[PDB]
Each structure stands twice: as structure tokens, then as C-alpha cells.
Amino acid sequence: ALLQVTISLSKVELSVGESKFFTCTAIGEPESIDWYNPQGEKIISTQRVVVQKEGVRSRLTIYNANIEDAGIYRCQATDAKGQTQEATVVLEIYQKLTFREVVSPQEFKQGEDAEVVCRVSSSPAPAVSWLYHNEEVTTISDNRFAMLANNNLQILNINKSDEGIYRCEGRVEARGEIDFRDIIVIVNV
């Protein structure tokens, strides 16, 4: 009685917090259509993770996704005799760029070794760059300046000429994702 079970998408990527749906189509005469999550459990509809069968189709909607929603889902149709067919879909879930507690301005006294703080996160880990504003926002090349392993900007023996606007830029190259925060750096003489 079951000709074919398929899901509209085979693979989908989404960020934590994003919502997505999938449609299972069971051509023929299914008696039941159920979904199983990556933990292997039969999905019982809730407010956040919803299943609805309508004719020979079943829709799974995942609202406000979290990392534990990631993995392979199965749609299993069953006919009246108890024979089953199934299809699968893969959900890949990542974390988009997120800046935390941005502080601006940040003040330093001339001569001290400054650390300009920037806190950005993502999965995979973000690639961070610091840039300096003039007419064009440009990448910094100066021997007193270095990005630290915690993504902050070290400025050795900070001078009044170092005062200005600094851009903390976060990138995830594999997605082409980019975001930034401009930080006013003040040097008290």
C-alpha cells in the first residue's frame, strides 16, 4: 500500500534560535506517519516541536532550534498491515556571530600597555580582525599592535596618536557571515 516515502529536503543548516519545517510525503495508503528524532525517540508533538499529519503528508516543525535538535530525523510511514517505509533528513545547527557586553569607549592612560576588549562568539570559532578608522576602515599594521589569543587588541606603550575608532570584526568564512562593533579608544595624556 506504500509506494514511496520522501522528505522535501535531504539536508538543512540553521542557526540556534531559527525555525525550520520538513514535509514527509507517503505516496500510497499510509495508516500512520511518525517522526523520530536523532536520539531515536518517537516525536510527540509539543509547543516547540510540532508534528501534524494531513492526508498522505506529515509536517515536522522545529521552532527556536537549539544544538540538541541537531542530527538525523526519520519519517516512518506504516500501512494497515504493519509494513513500514522511511526517509531521513539531516539537520545541521550552528551558532551565528554574537557580540557580548561591548564596551565603548574604553579609556587608557598614555604609556601603559592597553588591551582593548572585544567578545565575539560563533560556531565554528570566529575569525576576528581589528581595523582602524580614518576615511577608510583599514587593517592595522604596526609593531606595537597585536591581536591576542582571546581576540582582544594589545597596544604596547599606547600613545595619544593611537586614540580613535577601532573596529572589532568577526567573521565565519565558511558561511560568509560577518558582523562588527566599533569601539572608541581614548588615550588620557
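The numbering used is simple: start at 1 and walk along the sequence shown.
Per the PDB record, of the two stretches 134-142 and 22-30, 134-142 carries the greater mean B-factor over its C-alpha atoms. The deposited model assigns a higher average Cα B-factor to 63-71 than to the other stretch when 148-156 and 63-71 are compared. When the C-alpha B-factors of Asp79, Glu86, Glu112, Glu115 are ranked from the entry, the top spot goes to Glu112. For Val120, the recorded CA temperature factor ranks within the lowest third of the chain's modelled residues. Annotation for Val172: CA B-factor lies in the lowest third of the chain's modelled residues. Sorting the modelled residues of the chain by their CA temperature factor places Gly55 in the highest third. Sorting the modelled residues of the chain by their CA temperature factor places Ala1 in the highest third. When the modelled residues of the chain are ordered by their C-alpha B factor, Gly164 lands in the middle third.
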